Structure formats: C-alpha cells, structure tokens
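A.B. asks: I'd like to ask you about the structure that follows.
4 protein chains.
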Amino acid sequence: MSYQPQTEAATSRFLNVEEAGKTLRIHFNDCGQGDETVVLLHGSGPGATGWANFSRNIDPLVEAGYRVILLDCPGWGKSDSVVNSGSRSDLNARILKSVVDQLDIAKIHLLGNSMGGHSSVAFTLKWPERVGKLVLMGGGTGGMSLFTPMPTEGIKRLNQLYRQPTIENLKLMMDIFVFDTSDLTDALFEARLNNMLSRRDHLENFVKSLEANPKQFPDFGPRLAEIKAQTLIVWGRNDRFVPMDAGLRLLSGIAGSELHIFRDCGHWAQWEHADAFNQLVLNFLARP
Amino acid sequence: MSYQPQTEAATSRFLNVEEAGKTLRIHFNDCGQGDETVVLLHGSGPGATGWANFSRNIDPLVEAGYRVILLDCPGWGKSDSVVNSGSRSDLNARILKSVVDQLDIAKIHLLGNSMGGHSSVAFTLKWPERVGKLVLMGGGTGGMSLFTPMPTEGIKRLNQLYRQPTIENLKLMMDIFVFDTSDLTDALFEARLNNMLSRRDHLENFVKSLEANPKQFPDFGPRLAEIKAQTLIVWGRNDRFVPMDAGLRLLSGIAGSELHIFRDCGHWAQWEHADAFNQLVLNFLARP
Amino acid sequence: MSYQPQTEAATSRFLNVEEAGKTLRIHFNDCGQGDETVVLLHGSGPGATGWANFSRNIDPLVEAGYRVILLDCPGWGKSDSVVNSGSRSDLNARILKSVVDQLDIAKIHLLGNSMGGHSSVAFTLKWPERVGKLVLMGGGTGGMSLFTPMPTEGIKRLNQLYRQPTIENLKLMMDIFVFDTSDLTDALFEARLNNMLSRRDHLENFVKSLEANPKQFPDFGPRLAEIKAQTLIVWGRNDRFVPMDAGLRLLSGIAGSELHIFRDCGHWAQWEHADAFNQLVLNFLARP
Amino acid sequence: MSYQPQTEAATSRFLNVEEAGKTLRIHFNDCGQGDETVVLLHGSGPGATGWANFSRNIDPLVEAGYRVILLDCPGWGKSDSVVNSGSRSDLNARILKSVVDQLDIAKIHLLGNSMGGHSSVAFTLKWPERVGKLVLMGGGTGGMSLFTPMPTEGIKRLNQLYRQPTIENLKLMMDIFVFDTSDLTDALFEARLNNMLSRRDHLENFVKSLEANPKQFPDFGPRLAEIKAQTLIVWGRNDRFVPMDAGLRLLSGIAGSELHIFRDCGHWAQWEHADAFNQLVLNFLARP
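If you're matching them up, the sequences are chains C, B, D and A in order. According to the entry's author numbering, the stretch in the first sequence is residues 1 to 288, in order. According to the entry's author numbering, the stretch in the second sequence is residues 1 to 288, in order. According to the entry's author numbering, the stretch in the third sequence is residues 1 to 288, in order. According to the entry's author numbering, the stretch in the fourth sequence is residues 1 to 288, in order.
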C-alpha cells in the first residue's frame, strides 16, 4: 500500500491555550500514526505557512514511520495575530510546551528553520529533558557576523516587503532569497502573495513589534555548553540573509555537533536538495 | 608661507605611450620638487579620477615635501579609451613603466586603490628594483572569498549602473559606497555626474571589455611571496564591494606587512578618516 | 554469506614502472571482482602502509561489490625508495596513471588522505577523463593557512620523529592525531614501530628530499576552478596537522562540493568514526 | 636636561585593600606628575611583573608627560598571595577601583595585556564614567576560538610550567613567546627564573585556583555593545596562546574600534616592536 499524499486542509486542527493571562488559538497539522514524533517549525517569511515550507519533506518522514507535527507559530498563518516586544523564541517555546502538554507526549524531535530554529534552541535550554534529537538550518543564534556586514541585504529586502506589500517586490525578494531561480514557479508566487495580502494584521503587528524592540533573537553564546543532546546543523554557503560564520559558532557550542555545507545552496536548503537533505536527516534519526 | 592647495589645471601634464603598437595619450599631475617621489593610482568607479579620490590626501604629502604624481589609467578621465581582452593590471603596469621611464626616476613609492592596487602589486612583482614601499587600500588580490558570497552585491550594482548610467542609480551606488551620508554633499554628486556625461566611450568600452572576458584581474597568490619591500595595508570592515577576508590573505604573504582596519568604514577609506589615514601613512613613510 | 576479510599476503601484487630513466617496483593490494574500481591512497605518516590506514573501511566497500586497489606510493612500505626534487603530487599522479594503464581500467573513483589527497587533486587536473568522483579526507590542497601559524606543531613533531626514531615519539604523535587516545592499543604501536624500523632508507630519502625543497606540495588555487567532477570533503575540527580553514578554501574551488565537518576529530578521520563515514561514502558513491 | 630613567626602588609603593572581608597588600609603581593618568596592567606569565613587561614602553610615556602607574595583580610580584575560585576579571576590577579611589583620579586610560586586558574590559562595564581611553593587547574576551583547537600550545605549556617549575621549560616558553629568540638575552632568563623561584606560594595558589575552577575568564560577548569610549586593539599574527579570531570579535563589539595587526610578532608584542607600538599609542592618546 503506497503512501497517499497529504493535504494541508485535511490535516488542519486548532487549539486554544491560555498564556500570560490571555487566550490564543494556534493552528497545527498532525499526520501519521507512528509512536515517535517529529516537530516542524516554519521560517519568518511573509505569509509563510508550515505546510508550505515543508512541502517536499513531509513524505519521507511519514513513510519512515515517524508521526509528524507541523506547528504554525503565533503571529503567522492561521494562528491568531499577536504583538510582542519580548523575545520571539521564548514565546514560541512556551507555546510549543503548551501544545505538547495538550498532546501529552514527553520526548520529541525538533527540526526548525530560521526563526523557529532559534526558538528550537531556546526550547532545549529551558526544558532540556524533553528533546531527543536536534536539527538546525540557517539559524540557532542571533548575533553579529564576523566577516559579512550586518544588516545583510536579504533582511533589508524583507523589511521592505513588510512595510509595503507588492508582487514585484516579492519577486525581488524571492530571486535574492533562492540561489537557483529556475526552479521557482508562478504557482508559489501567487499562493504566497494571496496568503500575505489576506492577513494584513500579521504584517502590521510584525512591523509594530520590530519597532518596539530592535532585537528579536538574543545572543545565546555563553549557554551553548549546557546542551547535551546530539545535534546536526545544515547550512548553505551562498545564503545571503544570514552569513555562514554564524553556523560555525554553533559548531563550537554543542559537544556532538556535525555540520554539513552545500556549495551552491540558498537560505531555503530543503527545496534546493530535497533528496540529499531528506536522506541525511532520515539516517540521522535512524542513527542509534 | 603655507603650501597652496594644488590645481589640476596648472599641474596638468600629458604623455605619449606606445602600447601594443598603438599610440595612446595619458593624463597625469605632478606636484613638488623633492628628491623622494610617490605615485597615486585611482579606483575602478564610474568616471573615477585620482583628483576626486585623493582631494584630502593631496595636501599633506606636498607639505611633507614628497614629490607626488597622480596617475590616470586609460579608460578613465582624459586618457584615451581602450578595450581590453586580457589582464587589465599588467596593461596598467606596462603604461606605468613607460611613464616612469620617461620620467626616469629610480626609487618610487606606490599607493594604489582597488583595481589600481592590483596594478601596484603586479608592478612590484616584475621590477622589485624600482619600488621602495607599498601602501594598499581596499584591494590588491583577485580571488574568491572564504565566507562572503560571490558575486558580491556591490559589483553587481556597479555593473548595472554601467549598463545604464543615471542619477538615481548613482544615488543608490553612492549610498551603498560610503558608510556615512551626513557629511556627503551635492557638489561631489554634480562633479561625478558631469564627468560621467562628458564621455560615454569609456562606459561602453568598459562594458564590452567586461562582457568579452568575465575576469580581468588575475590571481597573484602563489607568487606573492616574491615581494621583498616593506608594505602597509589599510582596509574597511563594513565594505561590501570587496570582503575583508581577501585583505587578510595579503597579510599572510609579505614578510613585513602590517594590517590596519577601521570598523565604521566602507570601500573608500581614505576620505572617511582623512586625519588618521594621513597620520598613519606619513608615519609609515618616514619610518627608516 | 559475507566473505571473510582478505589478507595482505594473498592480495599482494607487484608492478614495474620506469620514470626518468629509473626502474621502480610498486607494491600494492587488489581486492574484489566488481566492475567499479576505487583507488585508495596512503597517508603521509612515517611507516604507514596503505592497509594500515584503511583497515576498517575495506570490508564494507568490497562487500558492496566494489573492486578496490590500495596503492603504496614510492617511499613507503615495500615500494622502492626514491628521492624527488619535484612535487609529490605530479610524481604520484604519474605513477598511478602508469599502474592503472597496466591494469587497463577505464574509470576510477579516488579516495585520498593527506599526501595522496594532494596528488589526487593533481591527477584530476591533467587526466580529467579517468576520474569521475572525488573524495578527500583532511587534505588535497597546498598553500599556507590564513588563521593558523605555520609550521603547525603536528608537522614539527613529525619532522622531529623523522630525526629521532623512537617509541615515545610515536606515543606523542598518536597523542596529537586522535582526539581520544583510549581507543588505541599496544598492537598498533608495535606494528607501526617495527614497520618504520624495517626500512630506514625511506627515512633518509624523505629527509634529504626535504632539504631538496622546503615546500613539497604546491598550491592549486588559480587552477582550482578547472575541476568538473563532483566532490565530497571530510574534515576534522580539532585537527592540528592541517588547519580547518584550508578545507573551506577547497569548498570555494569545486563546482559542486560538499563539506562535512565533525566536532571532535583529528587528522585520522576514517578510523575514529567508522559507521558514519562508511555510510556517507557509500551513499555518495551510489548517488548519481 | 634629559629626563632621568626611572628606578623600581624609588617608585615602589604599597597600599592596602579590603576584599571579601580580608586585608590585602598591593605593590605598584608610580611615575610622572601629569594631571592625566594611565594605568598599566601586567600579563599572566609565571613570575612576570608589571615593570618587566613594560620596560621598553615606560620611558616614552613619561617623556610625553603623562602620569603612569604600573599595577601588580594579586598573586604576582610582591603583592599578597590569594586563591580565586571565582572569576579573576572582577577581582582585578575591584582591586583597581580601590587603588584608584585611594589615589583619587577622576579620569584614567587603561592599557592591558593578556589576562589584564580581560580585566580591563570588566572595569569599563562597571564604572564607564572613569575610563577615558582604552587599549588592548592580545585578549579581552573568553570563549572557544572558532578556527583553532583548545587548549592551545601556549596555555598547555603554561599549565605544565605551573605544575612543575624548571629552567628548560622556561627556555621552551620564551621560544614560544617570541618570533625570533636571537634578540632575547639570558639576563631576562635569569631574572624571570629567580623571580618565579623566589615565590612558590603564587605557583601553588595558581595551580589550586585552576584545579578548583576550570574556566577562569568568562565571556563578555552580549554586553560588548555597552562600551562607548574609543578603543585600540593591537595583536600579533603568529600568536599561539590565543588565536587571532578573538581580536576580530572585539572589532565587532566596540562601535569605534580600531584594529592593528603585525605580520611577524609573538604574544609579547610590545617588546618586539618598541618604536612602532610606542608611536601608535602616543598618536592614539593624543588624538582628541
């Protein structure tokens, strides 16, 4: 019996949680019947959806027997809009702890991209006994780069996109965002544009929160030694939103870290080399 | 009496050089009559002229008594336009050899910028007898950076400006060019744009030369150990046109090097901190 | 129904080559009857037979069905002793071309470590047709390091060992190689010691070749872009013999390279991590 | 008249401090009578003293006319011995604050070396109003180096020297310090040897402090943005005790920071290039 493809509408559920004395409804997607579960977090992209980001990766995890949970972070997608001057990673970790408490599983595996990856690290710090295995891509710590000047051009273009939504500006930020532009298709363009224009509240909330607090990802350097679980970091050399050197710092921090670099890969690696990344992550998960 | 600021009109001089069996006219300026002599090169910018680049540096060098020669390479300023299919740096070196032979000066100090710095290094490789000192600002080696993606954004903006020169792309390039825009004034803009609109043959020649061969600057790494003269490097950290790592490479090669870096700096370093740069260079030159 | 591992005595083979009007006897090992042929190059450690370095990795490859040719370059083991004024790279490349020509195999996949890796690159340069896939382990490019002083202490202790051959020097050498010295056993110490004691002539030839040329491994920087085959690079972070940053430089040159770095690994990567390295190499080879 | 070179005996002073409910006696040297004050802090070498490290630099500073004070940290020189399981940097900050409060000078400029440099950073955080100008040499921040394995060569030999005292290891240490040992003279050898043999208590206290607490110096990364005064960092390229990259990290921390690197210079930088370092420091201090 060959595994049938999944659809975002089919797997959609919602849960309301009480945090900081306020209610918040979070959308999430659960698939698979396997005992072992894997958590996925989306990036910080405009109108980015958890199902949208991981369109290629959802399958090999489900044929391998892993039950997969995709978490739509608050302030993105179908989750309720929120304004926060505080750290995004801390809030994301709190929300994830709440949702896993409702789901009632103790040990989980984390795979987070960009902002979520940041939050992922945060989680492992302040409830370490929960996480089993850790994978990062294009993030893990927000700090000044050593050689490549900050702010990078990708961040400036993304802020330009938030301040004024425009399809041509979206085309620009996609083109800089991904190294190999040939694979880009108009279907993704229109879907992303529709999603981002539909939710104006998230965009204005992000702008206001950025104005409120200049920094959203604090430095986590001195505490990196605290992590004990095995970790793997994947990165792209031609990534322009965040420089390579940041990943190297993480390679120093964690005792068992192993880094994997592609020669010509953009920020959004899982799309560039889906097969290699999927096989590597599956082998890492199967590694005893 | 204080040394009067120099005027290009009074100090203008022209010379004839036979390169590749072709007659060419070269423009330059000479100031001072002291025994010690120095040559000043110019950058690779649109319509860049040595006088515009070195307005602040030109006075103290004359004040110290050094004879100064500001040299304009072909393809810029009043020199004859030319289309290149090989290595630009060697061609500049040959022209500089011809002009110094006509001046018949034995000992000479070289201070090159960006592509001009390239030329200087190439020159020093062939004729170590003639060169006494080297001061390199923002260039001197052609190679792929360790941690910064290529092609970098700055050269991309420069190329698109050459593709069609206009006021708004000039504003954008100037904004990215220098770290601070407060002290910037419109007089520099008007002078640069009038020098641009004066000649279009230079711009079209540059474009056809670039499209003829993708690389016009060779890699001098393996032989860079041949230089015996003491040298100094000044570099900019936040510079986006050429990454800092490449500069570090130069440091490793030469026996007597000294690297100097400013944090709040761009490509065009000498203008941003004129006092510190002049003090450092004069101290290095007077050093026995 | 796995076949028991083969012995050196059964797999020993001898070929004769002529170079520069001299007769050289080359001793190597050949195993497996598969169509695909993989050449294994020995390390630069004193008294290091090719079989010693790759004892663990032979079995999985031959079990997968790959034909393996483990080569001993001149100057080690049972091969004839030589003194070379030129580089080791081109010399080993020529010898390997000669031996494969006697073996008349159309295509090979190269696995190189330390010295061999260097030569491996040289091979791919000047006979591109024979090589299709390239794997490097902690070496393969000459040239001095940007961030690490030279001579690095590993090379210093290696030369000291060549000058004073003794057991305690071998102990210290093993101390710097492997991150954790616990895994080593006395059997390896005695085997390496008696092996290196058997052939002093190799020692005198190597040392007087060292006085022949201070630098024996040329840098391939400018030519690095000429390689067209896909490549995998494995490296160690705690490596002291060859600095980590050099590996990054290789990533720049190759068209589609992949860099893999382990957190706690020395010069001798294959021995320390067995399952992960074997699986990675097998997947990379099988992957088109 | 020529200003007389200073003598240790005439300028020696002893003052008292309270720390952790204990009375400590500290030895320092005072020179000059200028209103402006500069404080010099010594290194971490065994038996090293404030006067020894700055012997070549002390004279030009008083020649300019600035008042200068050489400080001996607890556990070094004639100061009372102490054991610290906690951080050293804060302890030196407290001692310097107390001594300057007794000497009651409002504005002070700091020059630090190795461990002292680290302490200097701490001071600028605690009492930013007092520090006017800041210069560092080879240190200032803890944490794992990105490109170099730890513990490195020099720190390991240093631990060896503290564990067991002798003269041959003293030659080895001087060999690791200096680029060229020909300049150094055995008079310094015997001075250092008698100094370190005279006081076994300091050696024992250092050993116990290291064995009690692994990390002596913390990382000050996240708060580096708090410093506002101008800084000058001087470093040596072949440094073996602490790699180059750390300096670059400080180059990111301070907004107005300035970096200077010598191509061929050991850890004990100021002795190796007396004239250049003195001239640079006088230029930096005189600059308004």
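No residue lacks a Cβ here, since even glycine has one placed at the ideal position from N, Cα and C.
List, in order along the chain, the chain C residues whose C-beta lies closer than 8 Å to that of residue 254 (chain D)?
C.D. replies: Counting from one through the third sequence, the residue named residue 254 (chain D) turns up at place 254. Those within 8 Å of residue 254 (chain D) in chain C are 263.
A.B. asks: Examine chain C for any beta-carbon lying closer than 8 Å to the beta-carbon of residue 221 (chain A), and answer yes or no.
C.D. replies: As a position in the fourth sequence, residue 221 (chain A) is number 221, starting the count at 1. Cβ-Cβ to chain C under 8 Å: yes for residue 221 (chain A).
A.B. asks: Roughly how many angstroms separate the alpha carbons of residue 236 (chain B) and residue 12 (chain C), rounded to a whole number?
C.D. replies: As a working mapping, residue 236 (chain B) is identified with position 236 in the second sequence. As a working mapping, residue 12 (chain C) is identified with position 12 in the first sequence. Answer to the nearest angstrom: the Cα atoms are 51 Å apart.
A.B. asks: Return the chain-ordered list of same chain residues with a C-beta closer than 8 Å to the C-beta of residue 280 (chain D), the five sequence neighbours on each side being excluded.
C.D. replies: Here residue 280 (chain D) refers to the residue found at position 280 when the third sequence is read from its first residue. Closer than 8 Å at Cβ, skipping near neighbours: 232, 234 and 260.
A.B. asks: With DSSP collapsed to three states, give me the class of residue 271 (chain B).
C.D. replies: As a working mapping, residue 271 (chain B) is identified with position 271 in the second sequence. Helix at residue 271 (chain B).
A.B. asks: What does residue 283 (chain B) reach in chain A if we use C-beta pairs closer than 7 Å?
C.D. replies: Residue 283 (chain B) sits at position 283 when you count from the first residue of the second sequence. Neighbours of residue 283 (chain B) on chain A, chain order: 279.
A.B. asks: Give me the subset of the region 230-241 of chain D whose CB atoms are less than 7 Å from a CB atom of chain B, sorted by chain position.
C.D. replies: Listed by position, the residues of the region 230-241 of chain D near chain B (Cβ gap below 7 Å) amount to none.
A.B. asks: Within 8 Å of any Cβ in chain A, is that where the Cβ of residue 153 (chain D) sits?
C.D. replies: Here residue 153 (chain D) corresponds to residue number 153 of the third sequence, with the count starting at 1. Yes, residue 153 (chain D) counts as interfacial toward chain A.
A.B. asks: Strictly under 8 Å for the Cβ-Cβ distance: is residue 166 (chain C) near chain B by that measure?
C.D. replies: In the first sequence, the residue the question calls residue 166 (chain C) occupies position 166. Judged by the 8 Å Cβ criterion, residue 166 (chain C) is not in contact with chain B.
A.B. asks: Report the residue from B:147, B:154, B:196 and B:136 whose alpha carbon sits nearest the alpha carbon of residue 269 (chain B).
C.D. replies: Indexing the second sequence from 1 puts residue 269 (chain B) at position 269. The shortest Cα separation from residue 269 (chain B) among B:147, B:154, B:196 and B:136 belongs to B:136.
A.B. asks: Let me confirm a value: residue 14 (chain B) is counted as buried when at least 16 other C-beta atoms fall within 10 Å, else exposed. Which label applies?
C.D. replies: Within the second sequence, numbered from 1, the residue matching residue 14 (chain B) stands at position 14. So residue 14 (chain B) counts as exposed.
A.B. asks: Between C:8, C:45 and C:58, which lies nearest to residue 274 (chain C) when the distance is taken from Cα to Cα?
C.D. replies: Start at 1 with the first residue of the first sequence, and residue 274 (chain C) comes out as number 274. Among C:8, C:45 and C:58, the Cα nearest to that of residue 274 (chain C) belongs to C:58.
A.B. asks: List the residues of chain D that residue 244 (chain A) touches, going by C-beta distances under 8 Å, in chain order.
C.D. replies: Here residue 244 (chain A) refers to the residue found at position 244 when the fourth sequence is read from its first residue. Residues of chain D passing the Cβ test: 147.
A.B. asks: Flag this pair as touching only if the region 181-191 of chain B and the region 245-259 of chain B have three or more C-beta atom pairs under 8 Å; answer yes or no.
C.D. replies: Too few Cβ pairs lie closer than 8 Å, so no.
A.B. asks: Along the chain, where does the beta strand (DSSP E) that runs through residue 202 (chain A) open and close?
C.D. replies: Translated into the one-based positions of the fourth sequence, residue 202 (chain A) becomes position 202. Taken as a continuous stretch (DSSP letters only), residue 202 (chain A) belongs to no beta strand (DSSP E), being part of the alpha helix (DSSP H) at 200-212.
A.B. asks: Using the three-state DSSP reduction, which class does residue 167 (chain B) fall into: helix, strand or coil?
C.D. replies: Position 167 of the second sequence, counted from the first residue, corresponds to residue 167 (chain B). Residue 167 (chain B) falls in the helix class under three-state DSSP.
A.B. asks: Measure the alpha-carbon distance for residue 32 (chain A) versus residue 267 (chain A) and round it to whole angstroms.
C.D. replies: Within the fourth sequence, the letter at position 32 stands for residue 32 (chain A). Within the fourth sequence, the letter at position 267 stands for residue 267 (chain A). Taking the straight line joining both Cα atoms gives about 28 Å.
A.B. asks: Smallest Cα separation from residue 107 (chain C): which of C:229, C:2 and C:115?
C.D. replies: The count along the first sequence starts at 1 and reaches residue 107 (chain C) at position 107. Considering only alpha carbons, the answer is C:229.
A.B. asks: Just how far apart, CA to CA, sit residue 63 (chain A) and residue 34 (chain A)?
C.D. replies: Start at 1 with the first residue of the fourth sequence, and residue 63 (chain A) comes out as number 63. Start at 1 with the first residue of the fourth sequence, and residue 34 (chain A) comes out as number 34. Looking at the two C-alpha atoms, the distance is approximately 11 Å.
A.B. asks: Using a Cβ-Cβ distance under 8 Å, would residue 259 (chain C) count as near chain D?
C.D. replies: Locating residue 259 (chain C) in the first sequence gives position 259, where the first residue counts as 1. Yes, contact with chain D.
A.B. asks: So, with DSSP's three-state summary, where would you put residue 134 (chain C)?
C.D. replies: Position 134 of the first sequence holds residue 134 (chain C). Here residue 134 (chain C) sits in strand by DSSP.
A.B. asks: If I measure Cβ to Cβ from residue 66 (chain D) and keep anything under 8 Å in the same chain, skipping five residues before and after, which residues do I get?
C.D. replies: Translated into the one-based positions of the third sequence, residue 66 (chain D) becomes position 66. Counting only Cβ-Cβ distances below 8 Å, and skipping sequence neighbours, we find 32, 34, 36, 37, 38 and 285.
A.B. asks: Report yes or no: do the region 115-134 of chain C and the region 150-160 of chain C share at least 3 C-beta pairs separated by less than 8 Å?
C.D. replies: The region 115-134 of chain C vs the region 150-160 of chain C: no contact.
A.B. asks: How would you write the range of the alpha helix (DSSP H) that residue 119 (chain A) sits in, first residue to last?
C.D. replies: Position 119 of the fourth sequence, counted from the first residue, corresponds to residue 119 (chain A). Looking at the DSSP string, the run of the alpha helix (DSSP H) that includes residue 119 (chain A) is 115-126.
A.B. asks: Quick one, which of A:109, A:72 and A:258 has its alpha-carbon nearest residue 92 (chain A)'s?
C.D. replies: In the fourth sequence, the residue the question calls residue 92 (chain A) occupies position 92. Ranking the options by Cα distance to residue 92 (chain A), first place goes to A:72.
A.B. asks: Give every residue of the same chain whose Cβ lies closer than 6 Å to the Cβ of residue 54 (chain C), excluding the five residues on either side of it in the sequence, and list them in chain order.
C.D. replies: Mapped onto the first sequence, residue 54 (chain C) falls at position 54. The answer, listed in chain order, is 40.
A.B. asks: Contact between the region 220-229 of chain A and the region 214-223 of chain C is defined here as three or more beta-carbon pairs at a separation below 8 Å; is this criterion met?
C.D. replies: Because the criterion of three Cβ pairs below 8 Å is met, the region 220-229 of chain A and the region 214-223 of chain C touch.
A.B. asks: Pull up the distance between the alpha-carbon of residue 160 (chain B) and that of residue 88 (chain D), whole angstroms please.
C.D. replies: One-based indexing of the second sequence puts residue 160 (chain B) at position 160. One-based indexing of the third sequence puts residue 88 (chain D) at position 88. Straight-line Cα distance between these residues: approximately 46 Å.
A.B. asks: If you draw a straight line from the C-alpha of residue 69 (chain D) to the C-alpha of residue 103 (chain D), how long is it?
C.D. replies: The count along the third sequence starts at 1 and reaches residue 69 (chain D) at position 69. The count along the third sequence starts at 1 and reaches residue 103 (chain D) at position 103. Straight-line Cα distance between these residues: approximately 10 Å.
A.B. asks: Give the DSSP-derived three-state secondary structure of residue 22 (chain C) in the structure shown.
C.D. replies: Locating residue 22 (chain C) in the first sequence gives position 22, where the first residue counts as 1. Residue 22 (chain C): strand per DSSP, three-state reduction.
A.B. asks: Whose C-alpha, out of C:177, C:77, C:84 and C:42, is nearest the C-alpha of residue 111 (chain C)?
C.D. replies: One-based indexing of the first sequence puts residue 111 (chain C) at position 111. Of the candidates C:177, C:77, C:84 and C:42, the one whose C-alpha sits nearest the C-alpha of residue 111 (chain C) is C:42.
A.B. asks: Any idea what DSSP makes of residue 36 (chain B), helix, strand or coil?
C.D. replies: Counted from its first residue, the second sequence places residue 36 (chain B) at position 36. Residue 36 (chain B) falls in the coil class under three-state DSSP.
A.B. asks: Any idea if residue 4 (chain A) is buried or exposed, counting beta-carbon neighbours within 10 angstroms, 16 or more meaning buried?
C.D. replies: As a position in the fourth sequence, residue 4 (chain A) is number 4, starting the count at 1. Exposed.
A.B. asks: Residue 101 (chain C) by DSSP, collapsed to three states: which one?
C.D. replies: Along the first sequence, read from residue 1 onward, the residue named residue 101 (chain C) stands at position 101. Helix.
A.B. asks: Which chain A residues are close to residue 251 (chain B), counting only those with a beta carbon under 8 Å from its beta carbon?
C.D. replies: Along the second sequence, one-based indexing puts residue 251 (chain B) at 251. Those are 237, 261 and 263, listed as they occur along chain A.
A.B. asks: Given that residue 248 (chain B) touches chain D, what residues does it touch there, using C-beta distances under 7 Å?
C.D. replies: Residue mapping note: residue 248 (chain B) aligns to position 248 of the second sequence, counting from 1. Here the neighbours are 146.
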